[PDB]
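# Notes for the structure review
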Amino acid sequence: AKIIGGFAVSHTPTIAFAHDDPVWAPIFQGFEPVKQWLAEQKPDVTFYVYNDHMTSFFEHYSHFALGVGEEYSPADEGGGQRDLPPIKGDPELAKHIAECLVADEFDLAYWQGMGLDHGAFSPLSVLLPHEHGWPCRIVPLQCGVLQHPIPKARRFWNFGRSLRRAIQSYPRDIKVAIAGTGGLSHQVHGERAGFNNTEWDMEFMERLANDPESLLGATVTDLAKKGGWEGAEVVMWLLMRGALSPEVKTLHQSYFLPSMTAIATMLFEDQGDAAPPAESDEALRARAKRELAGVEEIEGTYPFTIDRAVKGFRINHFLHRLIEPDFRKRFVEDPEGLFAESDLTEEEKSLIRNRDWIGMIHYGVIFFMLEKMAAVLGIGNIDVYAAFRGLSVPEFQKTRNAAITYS
Amino acid sequence: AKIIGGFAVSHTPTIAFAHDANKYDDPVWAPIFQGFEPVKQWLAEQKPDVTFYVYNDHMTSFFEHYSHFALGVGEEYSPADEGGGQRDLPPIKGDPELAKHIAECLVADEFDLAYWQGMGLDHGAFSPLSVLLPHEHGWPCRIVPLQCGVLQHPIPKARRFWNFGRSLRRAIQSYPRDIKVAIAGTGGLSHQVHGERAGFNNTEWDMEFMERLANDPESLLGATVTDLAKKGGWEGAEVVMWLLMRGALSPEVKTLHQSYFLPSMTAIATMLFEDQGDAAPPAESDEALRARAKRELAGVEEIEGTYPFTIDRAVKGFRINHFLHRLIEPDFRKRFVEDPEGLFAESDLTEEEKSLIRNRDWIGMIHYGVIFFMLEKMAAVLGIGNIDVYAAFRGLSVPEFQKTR
Ligand SMILES: O=C(O)c1cc(O)c(O)c(O)c1
Ligand SMILES: [Fe+2]
Ligand SMILES: [Fe+2]
């Protein structure tokens, strides 16, 4: 319910290839005014804004993909999975922001179970004591900055403005940290590959702390030019800085340009507000809940909200694979071998084994995986409907105008 | 540039099913198919070049990663597997150009999108398409599928679907090419297909909502999910997708057709609309729009050795980028090293895309249409560092290049 402040930090696979000297040591302590501040505050959760560099987001690619799931392992980036402990997520804070954001006409994606690559883990494993677990929980916002067109900077800034008061209206009194990673001036493709611009970096940083809104007119061009093509991903800093106070105070501001990137780092301390907010936090809580208010009075109905998807995820994911003609062939011949290899708990196993249709709907399975499972078992949709209504298929077809069957 | 009209239709898998079984003959399905004919033939006469196609996917191609407005930008689309194998239907061609133009306009109008390709279409798409268009090897037109995340709540507000169609019109209308575009809205009508409530319908609501959608759509925009699903069943609330297509037609439309059948779980319904032009020139011009639409990559052309990864690039790039993306699989990892020709002979890349890789032609891949992060994976897979890559991008040698600080 309260925002402690947000760190802007480069994410780079070189901070992770090596870490994991005359040239390194000066930036490792341009960093830790905030192993420090992440450890005296010890945030409950960190809203983490980053960019997947075409590892877990490619064939289907989103502009603002909120992470909603329980844990996040290291994405295998082509160099094997980096030995790190799975860091926890925060589904109910994830859910709550999704409700405020959609309510304020931001179109999200939601994702679960996919690796986090160096976009997240490289600066993390240097800001955070990651020896057996990580000191806080994570709400990853994966932005879509690589495949144009992409949201305008003003759209980034505004998302941040909404996100902030989405975190403020959260009913649990915890503290949250923001993190808009990425940047700064660099290009890593084309004949321009090596470009930098430190005359811009310094202006963008001083302006991004004391006057961000003068950055709201910047097109991709102005950005691509003043900082490299890939350096325009600092739209994600205008996101992060959006969710902080109007006025703030930089209690740190390091910067060093070694090999590939301008590696900078801005630490913000959240002041209070510019005034009370226009709409109260309960009236915001009211508005985020309006679309599904009193859905509880509908019976025999199990809304597939984020919380149900997280609870359902392992059995859902498992049953989703029936679309693979090879998975679904073992499912019929050697169901146990499939079970033993799964990561399905034992009631989940029983539910499928028993073909307990109504039980899966209660438990969290979404119908359309059962549609698939029915079809794989050569029993139609109708038998599932019948079994939902505790009726025999003939007693159920009596309730329809005609008796058709289908797969 | 020309929007001719728009139709609405259920995408029940029964339609697909009754088709493949060829039941244009039996008591039950015979009148239902006859309800599709007015849309069928309107399509066969108007001959649109593109159907922009609003549908929903049913946890097939969209599960572990799940977006609201997901624009198919790719070049062609095959039927998905739903646990029983792909149906027997030709792929259907896409329209990456118009997809790219629309993408452009919609982001300008502050719609956060997703782009996707390579992925099958499930009964959401091919169930009514199989019955509305002829297809013994060859669909009569192209499509731009818009896949809507209507299943995992919260989803966009009803007014946000409407508003989408509203920008979608101006975008489509502003496309600098003389083509006929039709607009499809699929899903519904009343039905609920999970839980103890399964079997629910409401014919009264279906009829109130279709006439309202037709003759007074803005009256629906305040509708919440709880309204829609109390009135129309849980999965019947997917009719916000009819709002969206209605959103991209004229304020007034000629409703040429309407049919209703309720054989089983689903109210199988259809509406054909004829577009009636704009009865007053709009508050932003076709040229003013296009300007505002490339606005942010305006003058990008003048930047040396910069190759933006726009959607035309991504579509050009897709087969090689997909091949180079599989290097995160540890099995694909090592065949790429132990038997590259075996991996090449099994792939679907042109011979040129193969050579560009065999050569490790770093800078020739960047201009072919390969994104750098796909090479960043390729370099570290094969032993090469990124150090030589950046240099090759400039023509410099590994030791000459490092001259920087
Ligand atoms: O059983 C049906 O009539 C039905 C099944 C579906 O999977 C579906 O998406 C639908 O709209 C209707
Ligand atoms: Fe990045
Ligand atoms: Fe549907």
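Residues numbered from 1 in each chain as written, not as in the entry; some residues may be left out. Chains lettered and ligands numbered in written order. Heavy atoms only, no water.

## Some thoughts on the interface of chain A and chain B
- Across the boundary between the two partners, chain A contributes 109 residues, which contact 106 residues of chain B.
- The tally of links between chain A and chain B comes to seven salt bridges.
- With its nearest N and O atoms 2.9 Å apart, the salt bridge here joins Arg160(B) to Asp107(A).
- Taken together, chain A and chain B are joined by 58 residue pairs in polar contact.
- Classifying every residue of the side of chain A that touches chain B by side-chain character gives 57 nonpolar, 32 polar and 20 charged.
- Summarising the sheet, strand β7 (residues 109-111) of chain A and strand β3 (residues 65-67) of chain B pair through three bridges and their orientation is antiparallel. Note on β3(B): the bridge partner recorded for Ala109(A) is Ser67(B). (Contact = heavy atoms within 4.5 Å. Salt bridge = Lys/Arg side-chain N within 4 Å of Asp/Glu carboxyl O. Polar contact = N/O pair within 3.5 Å; in protein donor to acceptor, adjacent residues only side chain to side chain. Nonpolar A, V, L, I, M, F, W, Y, C, P; charged D, E, K, R; others polar. Pairing = 2+ DSSP bridges. Helix = DSSP H or I, 4+ residues; strand = E, 2+ residues; numbered from the N terminus.)

## Observations concerning the site of ligand 1
- Around ligand 1 sit 13 residues, and of these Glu371(A), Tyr385(A), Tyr406(A), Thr12(B) and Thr266(B) come closest.
- The contact in question runs from an oxygen atom of ligand 1 to an N or O atom on the side chain of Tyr406(A), over 2.5 Å.
- Protein chains bury 98% of the 310 Å² of accessible surface belonging to ligand 1 in isolation.
- For the shell around ligand 1, the residue count by class is five nonpolar, six polar and two charged. (Near = heavy atom within 4 Å. Areas by Shrake-Rupley, 256 points an atom, 1.4 Å probe, with all protein chains shown as cover.)

## Remarks on the coordination of the iron ion (ligand 2)
All names here are of chain A.
- Looking at the iron ion (ligand 2), one finds its protein donor set to be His11 (NE2), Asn51 (ND2), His53 (NE2) and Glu233 (OE), positioned 2.0 to 2.7 Å from the metal centre.
- Bound by four donor atoms, the iron ion (ligand 2) shows angles of 73 to 173 degrees at the metal and therefore irregular coordination geometry. Taken together, the residues span a long stretch of sequence, with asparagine 51 in strand β2 (residues 45-51) and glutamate 233 in the loop between α8 (220-227) and α9 (235-240) at a distance of 182 residues. (Donors = N, O, S within 2.8 Å, 3.2 Å for Na, K, Ca; no water. Tetrahedral: all angles 85-135°; square planar, octahedral: opposite > 155°, others 65-115°.)

## Brief notes about the packing of aromatic side chains
- Across all of its chains, the model carries 35 aromatic pairs over all chains by this definition.
- Their ring planes at 70 degrees and their centres at 5.9 Å tell us that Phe372(B) and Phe373(B) sit as a pair that is edge-to-face.
- What makes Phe373(B) buried here is its relative accessible area of 7%.
- These aromatic residues form a ring-pair network of at least three members: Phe64(A), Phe106(A), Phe156(A) and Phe159(A).
- Across from the ring centre of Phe195(A), 4.1 Å away, lies the NZ or CZ of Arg192(A), which sits over that ring.
- Stacked on the ring of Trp205(B), the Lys or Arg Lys231(B) has its end atom at 4.3 Å from the ring centre. (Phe/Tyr/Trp six-rings, centres within 6.5 Å; stacked < 30°, edge-to-face > 60°. Buried < 20%, exposed > 50% of the residue type's maximum accessible area, 1.4 Å probe, protein only. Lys NZ or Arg CZ within 6 Å of the ring centre and 35° of its normal.)

## Here's the deal with the side chain of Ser122(A)
All names here are of chain A.
- Structurally, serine 122 can be placed in helix α5 (residues 121-127).
- Owing to a relative accessible area of 0%, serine 122 belongs among the buried residues under this scheme.
- A distance of 3.1 Å separates a polar atom in the side chain of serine 122 from the backbone oxygen of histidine 118.

## Describing the pattern of salt bridges
- In the structure shown here, the tally under the stated rule is 40 salt bridges over all chains.
- Across the salt bridge formed by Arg285(A) and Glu282(A), the nearest N and O atoms sit 3.2 Å from each other. You can see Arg285(A) and its partner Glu282(A) sitting in helix α10 (residues 281-288), three residues apart, about one turn around the helix.
- One salt-bridge network, held together by shared partners, links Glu105(A), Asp107(A), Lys157(B) and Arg160(B).

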